[PDB]
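I have placed the structure first, in the form of structure tokens, so that the comments after it can refer back to it.
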Amino acid sequence: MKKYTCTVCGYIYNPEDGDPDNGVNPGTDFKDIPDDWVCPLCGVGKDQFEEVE
Ligand code: NI
């Protein structure tokens with residue numbers, strides 16, 4: 001699974017770590033994160049995140 005970066009603040013979503021405190025368990029594909037989830041650091045939505053190739 002790919003990392004994704006918040007292009008407003010630079011936060012790196014790492015699948016292998018997830019975001020457990022907001023309910024996204026380790027092992028979760030960015031695409032499967034609930035679409036109401038917001039960047040933990042800056043609060044913007046998935047739509048500002050870009051795949052890291
Ligand atoms: Ni952010």
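Every chain in the structure tokens has a letter given in the order shown (A, B, ...), and although residue numbers restart at 1 in each chain, ligands are simply numbered from 1 in the order shown.
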
Spatial neighbours of residue 1 in chain A, max dist 9 Å, only C-alpha atoms, sep filter under 4 positions, as number ranges by chain: A: 14-16, 27-30

Could you take the residues named above and write them with N, CA and C atoms, as a compact mmCIF listing (two decimals), in the first residue's frame?
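File produced: selection_22.txt:
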```
# COMPACT_ATOMS: atom_id res chain seq x y z
N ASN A 14 0.54 6.93 6.58
CA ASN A 14 1.25 5.69 6.32
C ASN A 14 0.31 4.52 6.60
N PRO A 15 -0.05 3.74 5.59
CA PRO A 15 -1.02 2.66 5.79
C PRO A 15 -0.63 1.76 6.96
N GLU A 16 0.63 1.33 7.01
CA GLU A 16 1.09 0.37 8.02
C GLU A 16 0.90 0.83 9.48
N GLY A 27 -3.07 -1.01 8.63
CA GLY A 27 -3.45 -1.86 7.52
C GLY A 27 -4.47 -1.29 6.55
N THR A 28 -4.90 -0.06 6.79
CA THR A 28 -5.98 0.55 6.02
C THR A 28 -5.45 1.35 4.82
N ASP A 29 -5.94 0.97 3.64
CA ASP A 29 -5.71 1.64 2.36
C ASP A 29 -6.31 3.05 2.45
N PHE A 30 -5.62 4.07 1.93
CA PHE A 30 -6.14 5.44 1.98
C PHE A 30 -7.55 5.48 1.40
```

Let me see if you get this right: every residue at most 10 Å from ligand 1, counting only C-alpha atoms and all ligand atoms, written as a list in words. residues 5, 6, 7, 8, 9, 10, 11, 12, 13, 38, 39, 40, 41, 42, 43, 44, 45, 46, 48 and 49 of chain A

Next, dump the selected residues to file, keeping only N, CA, C and O atoms, as an mmCIF file, in the first residue's frame.
```cif
data_model
loop_
_atom_site.group_PDB
_atom_site.id
_atom_site.type_symbol
_atom_site.label_atom_id
_atom_site.label_comp_id
_atom_site.auth_asym_id
_atom_site.auth_seq_id
_atom_site.Cartn_x
_atom_site.Cartn_y
_atom_site.Cartn_z
ATOM 1 N N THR A 5 0.193 11.983 1.192
ATOM 2 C CA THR A 5 0.639 13.173 1.891
ATOM 3 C C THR A 5 -0.417 14.259 1.780
ATOM 4 O O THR A 5 -0.954 14.494 0.702
ATOM 5 N N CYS A 6 -0.742 14.885 2.905
ATOM 6 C CA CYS A 6 -1.547 16.095 2.914
ATOM 7 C C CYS A 6 -0.762 17.211 2.252
ATOM 8 O O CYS A 6 0.221 17.701 2.802
ATOM 9 N N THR A 7 -1.209 17.639 1.082
ATOM 10 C CA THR A 7 -0.503 18.682 0.340
ATOM 11 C C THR A 7 -0.729 20.115 0.846
ATOM 12 O O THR A 7 -0.268 21.054 0.209
ATOM 13 N N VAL A 8 -1.450 20.279 1.956
ATOM 14 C CA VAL A 8 -1.599 21.580 2.619
ATOM 15 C C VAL A 8 -0.565 21.719 3.734
ATOM 16 O O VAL A 8 0.016 22.788 3.897
ATOM 17 N N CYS A 9 -0.323 20.642 4.481
ATOM 18 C CA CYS A 9 0.558 20.695 5.652
ATOM 19 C C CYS A 9 1.714 19.688 5.647
ATOM 20 O O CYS A 9 2.654 19.839 6.410
ATOM 21 N N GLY A 10 1.651 18.672 4.798
ATOM 22 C CA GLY A 10 2.751 17.736 4.633
ATOM 23 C C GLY A 10 2.631 16.435 5.415
ATOM 24 O O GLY A 10 3.431 15.519 5.219
ATOM 25 N N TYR A 11 1.646 16.346 6.304
ATOM 26 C CA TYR A 11 1.344 15.097 7.015
ATOM 27 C C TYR A 11 1.475 13.930 6.032
ATOM 28 O O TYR A 11 1.124 14.062 4.860
ATOM 29 N N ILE A 12 2.056 12.827 6.493
ATOM 30 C CA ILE A 12 2.181 11.621 5.691
ATOM 31 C C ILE A 12 1.289 10.576 6.326
ATOM 32 O O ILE A 12 1.534 10.154 7.441
ATOM 33 N N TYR A 13 0.233 10.197 5.628
ATOM 34 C CA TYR A 13 -0.524 9.015 6.006
ATOM 35 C C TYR A 13 0.238 7.771 5.597
ATOM 36 O O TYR A 13 0.518 7.553 4.410
ATOM 37 N N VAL A 38 -10.525 13.747 8.400
ATOM 38 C CA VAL A 38 -9.689 14.937 8.148
ATOM 39 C C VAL A 38 -8.247 14.768 8.658
ATOM 40 O O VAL A 38 -8.037 14.281 9.763
ATOM 41 N N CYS A 39 -7.262 15.182 7.861
ATOM 42 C CA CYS A 39 -5.860 15.258 8.323
ATOM 43 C C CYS A 39 -5.749 15.548 9.824
ATOM 44 O O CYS A 39 -6.287 16.546 10.304
ATOM 45 N N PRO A 40 -5.065 14.682 10.571
ATOM 46 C CA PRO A 40 -4.905 14.891 12.013
ATOM 47 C C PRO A 40 -4.199 16.207 12.361
ATOM 48 O O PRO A 40 -4.613 16.865 13.309
ATOM 49 N N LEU A 41 -3.193 16.611 11.589
ATOM 50 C CA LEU A 41 -2.461 17.850 11.907
ATOM 51 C C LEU A 41 -3.198 19.158 11.537
ATOM 52 O O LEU A 41 -3.283 20.062 12.372
ATOM 53 N N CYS A 42 -3.735 19.260 10.319
ATOM 54 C CA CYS A 42 -4.349 20.510 9.838
ATOM 55 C C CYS A 42 -5.875 20.509 9.624
ATOM 56 O O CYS A 42 -6.482 21.588 9.540
ATOM 57 N N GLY A 43 -6.496 19.330 9.522
ATOM 58 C CA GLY A 43 -7.948 19.228 9.515
ATOM 59 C C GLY A 43 -8.637 19.317 8.158
ATOM 60 O O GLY A 43 -9.870 19.344 8.079
ATOM 61 N N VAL A 44 -7.856 19.348 7.090
ATOM 62 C CA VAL A 44 -8.403 19.409 5.742
ATOM 63 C C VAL A 44 -8.828 17.990 5.355
ATOM 64 O O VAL A 44 -8.515 17.051 6.066
ATOM 65 N N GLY A 45 -9.515 17.836 4.227
ATOM 66 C CA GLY A 45 -10.123 16.554 3.883
ATOM 67 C C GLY A 45 -9.269 15.734 2.947
ATOM 68 O O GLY A 45 -8.303 16.250 2.399
ATOM 69 N N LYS A 46 -9.643 14.461 2.768
ATOM 70 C CA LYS A 46 -8.919 13.542 1.907
ATOM 71 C C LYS A 46 -8.631 14.183 0.573
ATOM 72 O O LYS A 46 -7.573 13.980 0.059
ATOM 73 N N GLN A 48 -7.553 16.885 -0.406
ATOM 74 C CA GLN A 48 -6.273 17.584 -0.529
ATOM 75 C C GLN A 48 -5.049 16.650 -0.448
ATOM 76 O O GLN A 48 -3.930 17.126 -0.509
ATOM 77 N N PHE A 49 -5.253 15.333 -0.363
ATOM 78 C CA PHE A 49 -4.141 14.391 -0.217
ATOM 79 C C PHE A 49 -3.749 13.889 -1.588
ATOM 80 O O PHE A 49 -4.606 13.720 -2.449
#
```

Shortest interatomic distance to residue 20 in chain A - which of A:3, A:53, A:47, A:37, counting only C-alpha atoms: A:37

Give the strand (DSSP E) residues of chain A, as DSSP finds them on the backbone, and put them as a PyMOL selection string. chain A and resi 4-6+12-13+49-51

Given the selection you just returned, output its residues as a file containing N, CA, C and O atoms, formatted as a tab-separated table (two decimals), in the first residue's frame.
```
chain	number	residue	atom	x	y	z
A	4	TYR	N	0.30	8.45	1.45
A	4	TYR	CA	-0.37	9.65	0.93
A	4	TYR	C	0.02	10.82	1.80
A	4	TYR	O	0.11	10.66	3.00
A	5	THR	N	0.19	11.98	1.19
A	5	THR	CA	0.64	13.17	1.89
A	5	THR	C	-0.42	14.26	1.78
A	5	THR	O	-0.95	14.49	0.70
A	6	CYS	N	-0.74	14.88	2.90
A	6	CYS	CA	-1.55	16.09	2.91
A	6	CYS	C	-0.76	17.21	2.25
A	6	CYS	O	0.22	17.70	2.80
A	12	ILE	N	2.06	12.83	6.49
A	12	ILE	CA	2.18	11.62	5.69
A	12	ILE	C	1.29	10.58	6.33
A	12	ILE	O	1.53	10.15	7.44
A	13	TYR	N	0.23	10.20	5.63
A	13	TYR	CA	-0.52	9.01	6.01
A	13	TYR	C	0.24	7.77	5.60
A	13	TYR	O	0.52	7.55	4.41
A	49	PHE	N	-5.25	15.33	-0.36
A	49	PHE	CA	-4.14	14.39	-0.22
A	49	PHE	C	-3.75	13.89	-1.59
A	49	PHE	O	-4.61	13.72	-2.45
A	50	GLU	N	-2.45	13.67	-1.80
A	50	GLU	CA	-1.96	13.09	-3.04
A	50	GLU	C	-1.08	11.87	-2.76
A	50	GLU	O	-0.25	11.87	-1.86
A	51	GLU	N	-1.31	10.84	-3.55
A	51	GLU	CA	-0.49	9.64	-3.60
A	51	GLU	C	0.97	10.01	-3.75
A	51	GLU	O	1.33	10.94	-4.49
```

From range 3-47 of chain A, collect each residue whose DSSP state is helix (DSSP H, G or I) and return the set as a ChimeraX atom specification. /A:20-22,30-32,46-47

Since we have the selection now, will you write its residues out, keeping C-alpha atoms, as a CSV table (one decimal), in the first residue's frame?
```csv
chain,number,residue,atom,x,y,z
A,20,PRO,CA,-6.0,4.5,15.2
A,21,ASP,CA,-6.9,7.5,17.4
A,22,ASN,CA,-9.4,8.7,14.8
A,30,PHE,CA,-6.1,5.4,2.0
A,31,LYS,CA,-9.1,4.8,-0.4
A,32,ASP,CA,-10.9,2.9,2.3
A,46,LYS,CA,-8.9,13.5,1.9
A,47,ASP,CA,-9.4,15.6,-1.3
```
